[PDB]
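> Below you will find the structure I want to go over with you.
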4 protein chains.
Amino acid sequence: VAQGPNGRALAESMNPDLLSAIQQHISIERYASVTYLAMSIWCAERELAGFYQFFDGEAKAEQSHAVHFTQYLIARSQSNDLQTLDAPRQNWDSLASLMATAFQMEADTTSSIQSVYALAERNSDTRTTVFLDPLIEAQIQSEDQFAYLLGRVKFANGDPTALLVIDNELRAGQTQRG
Amino acid sequence: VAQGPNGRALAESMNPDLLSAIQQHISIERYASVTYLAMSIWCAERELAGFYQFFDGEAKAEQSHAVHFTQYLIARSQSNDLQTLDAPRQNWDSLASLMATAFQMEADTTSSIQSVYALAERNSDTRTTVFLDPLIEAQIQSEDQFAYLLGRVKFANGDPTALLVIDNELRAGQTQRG
Amino acid sequence: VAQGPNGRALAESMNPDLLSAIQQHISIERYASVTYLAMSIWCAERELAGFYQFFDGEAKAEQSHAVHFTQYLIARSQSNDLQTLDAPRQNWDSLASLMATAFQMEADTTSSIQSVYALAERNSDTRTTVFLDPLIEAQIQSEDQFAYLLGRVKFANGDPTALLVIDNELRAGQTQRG
Amino acid sequence: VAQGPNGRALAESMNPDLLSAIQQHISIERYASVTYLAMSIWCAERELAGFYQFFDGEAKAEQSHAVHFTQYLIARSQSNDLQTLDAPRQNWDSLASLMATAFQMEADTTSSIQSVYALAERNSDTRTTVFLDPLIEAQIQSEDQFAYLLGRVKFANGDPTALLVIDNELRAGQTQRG
Ligand SMILES: [Cl-]
Ligand SMILES: [Cl-]
Ligand SMILES: [Cl-]
Ligand SMILES: [Cl-]
Ligand SMILES: [Fe+3]
Ligand SMILES: [Fe+3]
Ligand SMILES: [Fe+3]
Ligand SMILES: [Fe+3]
Ligand SMILES: [Fe+3]
Ligand SMILES: [Fe+3]
Ligand SMILES: [Fe+3]
Ligand SMILES: [Fe+3]
Ligand SMILES: [Fe+3]
Ligand SMILES: [Fe+3]
């Protein structure tokens with residue numbers, strides 16, 4: 001029985017480029033988390049309490065996703081390397097602009113996963129593609145959700161009354177098409 | 001005991017023009033179903049989740065109506081003839097325009113039933129008029145309902161804020177005058 | 001943020017050949033639905049009430065599968081294109097012949113999914129392969145189920161007594177090997 | 001306020017031909033009742049206990065239908081005239097032959113109602129057509145049911161094993177397509 005780079009018994013070695021890509025993706029998830037925290041603060045500063053609660057929960061969810069990836073590296077007997085985290089964007093001219101950044105952040109999180117997926121396929125790492133499959137599934141739902149929230153906010157066309165209505169939807173937990 | 005055209009024991013023969021009219025009406029119900037599916041998709045594409053849920057349910061209801069008619073032909077020992085189904089309309093310039101097509105589709109479904117009803121009366125087919133009576137009753141309620149939804153959407157006069165409010169009514173199941 | 005062909009925010013563009021293949025597959029699911037409806041009617045005409053109830057439920061299930069695909073296109077910000085639907089087959093010389101068509105229809109539904117799957121792999125569309133994976137899993141179970149029903153009906157070898165016994169199994173919901 | 005022929009206050013006079021037709025129809029219902037009793041006895045004599053229980057219940061149901069008609073005449077302030085009742089048929093060569101007589105009896109009961117219906121329409125007696133409407137509805141279901149039982153017995157093709165299976169279905173209350 002061989003020992004992996006993190007010291008645990010090694011079921012199968014992992015290509016170092018794939019390892020680096022997973023460690024980098026963990027940073028992407030952590031950065032999405034602090035970005036959603038920053039968005040929750042922006043909404044709270046404008047009394048958009050429902051949007052604030054939504055993004056506060058998304059920040060915690062994205063952090064959980066990052067930890068889920070750290071656990072996979074542990075399971076593969078690979079080292080984690082928690083990286084410096086950039087400061088998030090913190091200023092937006094409108095809720096519609098913020099929601100566009102949020103949608104792009106969600107799509108970019110999926111692109112990061114897709115990049116890791118392709119590397120695993122090139123290295124025939126079927127454990128990693130299996131691990132990623134349900135995360136891509138979740139990303140489809142999150143992209144559908146964020147397209148819904150962005151599209152609904154854009155439909156409001158900057159009308160405060162419509163934005164108050166949507167804010168109350170989010171406070172109630174009405175955050176998807178259903 | 002005679003055998004009917006579908007092979008079962010025949011309680012009373014049915015005029016072939018009336019049979020053809022019922023088979024055609026089943027197509028009308030099936031076409032209303034796929035039309036409501038198309039309308040549900042149009043609403044989902046615009047984040048009108050309550051309208052989407054409403055029309056998704058109406059599509060399933062109209063299909064059930066079609067099956068209800070197929071069961072009547074079985075009960076009368078008559079052959080079913082499931083027909084080619086046209087593609088539905090799929091593009092509208094506004095929710096108000098979509099709701100006008102929906103109302104017209106409901107009224108046209110009733111006109112189809114009325115045409116079958118008149119043919120049954122000309123042929124003294126009292127089983128068929130009795131079968132249709134409760135379906136006409138249901139159509140009165142559906143026409144009242146769709147006039148309500150169309151009228152409420154028109155009252156909104158294209159204001160996104162009012163349409164968001166109505167959308168949430170539909171999501172909650174508030175779809176009739178009550 | 002770019003807008004997709006259906007107007008929603010676009011997480012990632014989809015190759016038009018893959019889009020066409022998904023729209024065509026939706027037609028396959030809708031056609032399986034109306035085929036199972038036709039089979040349910042054939043069984044009802046012969047007093048095979050358990051087979052009638054089984055195929056009535058399968059028709060509703062296949063329609064749900066089609067709608068599930070329409071929702072995926074919405075989630076990917078792609079246009080739906082609901083197509084003309086052919087009339088189903090409606091005549092069979094025996095229950096065994098009907099069950100053979102049913103098995104073939106289920107296998108052909110899987111082949112359609114497999115064709116879409118291969119196109120997604122050629123286009124590196126990992127969202128689509130992830131979306132399809134559980135549907136292939138369900139198809140394995142449905143193929144196993146339909147091979148079971150077909151094989152059991154063939155074992156009966158046209159004996160009405162055995163077919164009545166199997167009919168009652170289906171009425172009770174005994175439709176798989178278990 | 002005028003008094004009707006049975007002595008009660010008269011809401012609206014009834015044409016004597018229509019009255020005679022209703023009194024005759026009551027005899028038809030009573031005759032269906034004793035016919036089903038005779039059929040229940042025939043089945044009991046052959047140990048077909050499920051068929052016996054079914055027809056015993058149908059005999060009681062048909063009697064209830066007759067009483068329902070006597071109550072309508074009371075409600076219309078018309079005289080009842082309970083008539084001599086013929087002896088039922090009591091001999092059949094096979095269960096299939098018995099079931100054919102049963103189906104014909106059910107269809108003939110509907111024809112009797114239809115004859116009364118047409119007379120009421122000629123006399124513009126809307127109370128009577130309204131009274132008869134739900135009874136025709138029930139007849140559609142009974143005709144569907146008896147076509148089901150007859151067709152299933154014919155499918156058995158005289159095989160005692162299949163007839164025992166069907167007998168047990170009836171004992172369990174499985175008497176319709178469902
Ligand atoms: Cl805004
Ligand atoms: Cl509008
Ligand atoms: Cl067979
Ligand atoms: Cl027999
Ligand atoms: Fe994440
Ligand atoms: Fe995310
Ligand atoms: Fe309908
Ligand atoms: Fe309708
Ligand atoms: Fe009525
Ligand atoms: Fe399917
Ligand atoms: Fe299938
Ligand atoms: Fe999977
Ligand atoms: Fe009766
Ligand atoms: Fe009867």
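The chains in the structure tokens are called A, B, ... from first to last as shown; in each chain the residues are counted from 1, and the ligands are counted from 1 in the order shown.
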Name the residues, by chain letter and number, that sit within 7 Å of ligand 9 using only C-alpha atoms and all ligand atoms, and give them as a PyMOL selection string.

(chain B and resi 130+133-134) or (chain D and resi 130+133-134)

> If you count only C-alpha atoms and all ligand atoms, which residues end up within 10 Å of ligand 10, as an mmCIF file with C-alpha atoms, in the first residue's frame?


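Written file, pocket_30.cif:
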data_model
loop_
_atom_site.group_PDB
_atom_site.id
_atom_site.type_symbol
_atom_site.label_atom_id
_atom_site.label_comp_id
_atom_site.auth_asym_id
_atom_site.auth_seq_id
_atom_site.Cartn_x
_atom_site.Cartn_y
_atom_site.Cartn_z
ATOM 1 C CA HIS C 25 -36.185 13.795 -28.961
ATOM 2 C CA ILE C 26 -39.032 15.658 -27.251
ATOM 3 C CA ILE C 28 -40.035 10.957 -29.648
ATOM 4 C CA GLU C 29 -41.204 11.161 -26.025
ATOM 5 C CA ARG C 30 -44.503 12.740 -27.065
ATOM 6 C CA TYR C 31 -44.956 10.033 -29.685
ATOM 7 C CA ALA C 32 -44.266 7.301 -27.134
ATOM 8 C CA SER C 33 -46.965 8.907 -24.996
ATOM 9 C CA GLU C 58 -47.217 4.946 -19.100
ATOM 10 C CA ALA C 59 -48.774 7.496 -21.468
ATOM 11 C CA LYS C 60 -48.852 10.075 -18.680
ATOM 12 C CA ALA C 61 -45.286 9.187 -17.660
ATOM 13 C CA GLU C 62 -43.914 9.637 -21.182
ATOM 14 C CA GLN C 63 -45.614 13.017 -21.444
ATOM 15 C CA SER C 64 -43.937 14.018 -18.171
ATOM 16 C CA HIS C 65 -40.590 12.973 -19.662
ATOM 17 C CA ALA C 66 -41.219 15.244 -22.649
ATOM 18 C CA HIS C 68 -38.867 17.434 -18.384
ATOM 19 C CA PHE C 69 -36.900 17.939 -21.606
ATOM 20 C CA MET C 105 -40.815 1.749 -28.540
ATOM 21 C CA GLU C 106 -39.030 1.776 -25.180
ATOM 22 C CA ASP C 108 -36.101 3.227 -29.510
ATOM 23 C CA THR C 109 -36.678 5.946 -26.911
ATOM 24 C CA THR C 110 -33.361 4.952 -25.336
ATOM 25 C CA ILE C 113 -31.379 9.541 -25.908
ATOM 26 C CA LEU C 135 -32.809 9.411 -17.826
ATOM 27 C CA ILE C 136 -30.683 6.597 -19.239
ATOM 28 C CA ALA C 138 -34.579 5.157 -15.868
ATOM 29 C CA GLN C 139 -34.554 3.692 -19.378
ATOM 30 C CA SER C 142 -38.108 0.532 -18.155
#

> Using only C-alpha atoms, I'd like every residue of chain B that has an atom within 6 Å of chain C; please write them out as a list in words.

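Only these qualify: residues 83, 84, 85, 86 and 87 of chain B.
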
> Suppose we keep C-alpha atoms; can you now write the selection as an mmCIF file, in the first residue's frame?


data_model
loop_
_atom_site.group_PDB
_atom_site.id
_atom_site.type_symbol
_atom_site.label_atom_id
_atom_site.label_comp_id
_atom_site.auth_asym_id
_atom_site.auth_seq_id
_atom_site.Cartn_x
_atom_site.Cartn_y
_atom_site.Cartn_z
ATOM 1 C CA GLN B 83 -55.116 11.665 -35.293
ATOM 2 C CA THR B 84 -52.067 13.605 -36.360
ATOM 3 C CA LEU B 85 -51.651 16.598 -34.043
ATOM 4 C CA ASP B 86 -50.691 19.995 -35.467
ATOM 5 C CA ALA B 87 -47.865 21.983 -33.935
#

> Skip stretch 118-129 of chain D itself and residues of its chain fewer than 2 positions away, then list as a PyMOL selection string all residues within 8 Å of it, counting only C-alpha atoms.

chain D and resi 14-15+18+114-116+131-133

> Return as a PyMOL selection string the full set of residues in stretch 61-131 of chain D whose backbone-based DSSP assignment is alpha helix (DSSP H).

chain D and resi 61-75+95-122+126-131

> In Å, how far is it from atom CA of residue D:55 to atom CA of residue D:72?

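Taking atom CA of residue D:55 and atom CA of residue D:72, their separation equals 25.8 Å.
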
> Would you please work out which residue, of D:5, D:155, D:76, D:150, is nearest to ligand 3 when using only C-alpha atoms and all ligand atoms?

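When distances to ligand 3 are compared using only C-alpha atoms and all ligand atoms, the smallest one comes from D:155.
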
> Fewer than 3 positions away in the same chain doesn't count, so skip those; otherwise give me all residues within 8 Å of stretch 162-167 of chain B, counting only C-alpha atoms, as a VMD selection string.

(chain A and resid 162 165) or (chain B and resid 48 to 51 152 to 153 156 158 to 159 170 to 171)

> For residue C:1, which of A:39, A:147, A:140, A:19 is the closest residue, counting only C-alpha atoms?

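Comparing A:39, A:147, A:140, A:19 against residue C:1, the winner is A:147.
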
> Could you tell me, counting only C-alpha atoms and all ligand atoms, which protein and nucleic acid residues lie no more than 6 Å from ligand 1, written as a PDB file with N, CA, C and O atoms, in the first residue's frame?


ATOM      1  N   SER A  94     -26.879  49.412  -9.812  1.00  0.00           N
ATOM      2  CA  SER A  94     -28.291  49.049  -9.756  1.00  0.00           C
ATOM      3  C   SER A  94     -28.400  47.590  -9.350  1.00  0.00           C
ATOM      4  O   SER A  94     -27.444  46.827  -9.469  1.00  0.00           O
ATOM      5  N   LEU A  95     -29.591  47.205  -8.895  1.00  0.00           N
ATOM      6  CA  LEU A  95     -29.834  45.790  -8.614  1.00  0.00           C
ATOM      7  C   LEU A  95     -29.689  44.935  -9.876  1.00  0.00           C
ATOM      8  O   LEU A  95     -29.150  43.824  -9.829  1.00  0.00           O
ATOM      9  N   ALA A  96     -30.162  45.438 -11.016  1.00  0.00           N
ATOM     10  CA  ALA A  96     -30.031  44.692 -12.262  1.00  0.00           C
ATOM     11  C   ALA A  96     -28.570  44.420 -12.591  1.00  0.00           C
ATOM     12  O   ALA A  96     -28.217  43.312 -13.013  1.00  0.00           O
ATOM     13  N   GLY A 158     -36.373  48.750 -13.365  1.00  0.00           N
ATOM     14  CA  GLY A 158     -35.982  49.784 -12.431  1.00  0.00           C
ATOM     15  C   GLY A 158     -37.101  50.406 -11.629  1.00  0.00           C
ATOM     16  O   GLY A 158     -36.849  51.373 -10.904  1.00  0.00           O
TER      17      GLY A 158
END

> Point out the residue among D:100, D:92, D:16, D:36 with the least atom-to-atom distance to ligand 13, counting only C-alpha atoms and all ligand atoms.

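Comparing D:100, D:92, D:16, D:36 against ligand 13, the winner is D:36.
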
> Please report the interatomic distance between atom CA of residue D:177 and atom CA of residue C:173 in Å with one decimal.

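Straight-line distance from atom CA of residue D:177 to atom CA of residue C:173 works out to 14.5 Å.
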